[PDB]
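Accompanying notes for the structure given below.
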Amino acid sequence: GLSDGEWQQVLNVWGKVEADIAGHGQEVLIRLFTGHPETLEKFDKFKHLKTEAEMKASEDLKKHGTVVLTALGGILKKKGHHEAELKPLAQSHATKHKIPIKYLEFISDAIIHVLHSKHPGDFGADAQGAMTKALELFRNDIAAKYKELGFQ
Ligand code: HEM
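Numbering (PDB author numbering), first residue to last: 1 to 152.
Spelled out as C-alpha cells, the structure:
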C-alpha cells in the first residue's frame, strides 16, 4: 500500500527508465544473470551465454529486457490496481516458466542496483523507498497467486 506521494515518486523514477527502456532492461537482466547464475538456467534462449561480453552483445537479451520492463511499467502505472495485468504474469511464471518467488526478489533488488548505477546521485532516498515499496507490492501480489496455485 502506497500513498499518492509515493506513487508520484515511483512514476517520476520510471520516467528515467522510459527514456532508455532497452538499456535499462539489458542491464537489469545482466545484473540478475551475473549475480545469480542459476537464474540463467530458466531461460532456454539465454543459457548459451557464458560471458558477460556475450550477454552485452546479445540483441535478443536487450529485446527481452524491453518486454520485461514494458510489462512492469504497465503494472506500475496502475498504482496498485493491477489485478488484471498481474494475473497472467503470475500464472505464466508459476506454471510455465517455474520461477520461484526468490528470483522475483533477486530481480527487484537488481532494479534498485541498476537505477543507482545509471543515475548516481539522482536516485534519492525517498525515491528508493517508494520504488522498493512498489516492487514489494508487486512481489506480494504475485506471492498470493503462487500460494493459490501451490507453487514453490
Ligand atoms: C519484474 C519481473 C518480471 C516481469 C515483469 C516479467 C515479465 C515477463 C514477460 C512479459 C514475459 C513474456 C510473456 C510471458 O511468458 O508471460 C516473460 C517471460 C519469461 N520470464 Fe519473466 N518477468 C519477470 C521476472 C522473471 C524472472 C525473475 C525470471 C527468471 C529468473 C523470469 C523468467 C521468464 C522466462 C524464462 C520467460 C520466457 C522467456 C522466453 O523463452 O521467451 N521472469 N517475463
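Just so you know, even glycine gets a beta-carbon here, dropped at the ideal spot from N, CA and C.
Residue i versus residue j: straight-line alpha-carbon distance, rounded
{"i": "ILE99", "j": "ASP141", "result": "15 Å"}
{"i": "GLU54", "j": "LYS62", "result": "12 Å"}
{"i": "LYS47", "j": "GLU41", "result": "6 Å"}
{"i": "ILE101", "j": "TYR146", "result": "8 Å"}
{"i": "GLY35", "j": "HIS93", "result": "20 Å"}
{"i": "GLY25", "j": "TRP7", "result": "21 Å"}
{"i": "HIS82", "j": "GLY73", "result": "11 Å"}
{"i": "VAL68", "j": "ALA22", "result": "10 Å"}
{"i": "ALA110", "j": "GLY124", "result": "17 Å"}
{"i": "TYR103", "j": "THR39", "result": "7 Å"}
{"i": "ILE107", "j": "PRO37", "result": "12 Å"}
{"i": "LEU76", "j": "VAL10", "result": "8 Å"}
{"i": "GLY1", "j": "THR51", "result": "39 Å"}
{"i": "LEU149", "j": "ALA90", "result": "10 Å"}
Boundaries (first-last residue) of the alpha helix (DSSP H) holding residue i
{"i": "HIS116", "result": "101-118"}
{"i": "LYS16", "result": "4-18"}
{"i": "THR95", "result": "Taken as a continuous stretch (DSSP letters only), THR95 belongs to no alpha helix (DSSP H), as it is neither H nor E."}
{"i": "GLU27", "result": "21-35"}
{"i": "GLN128", "result": "125-149"}
Every unbroken alpha helix (DSSP H) inside the stretch 40-68 [4 residues or more]: 52-57
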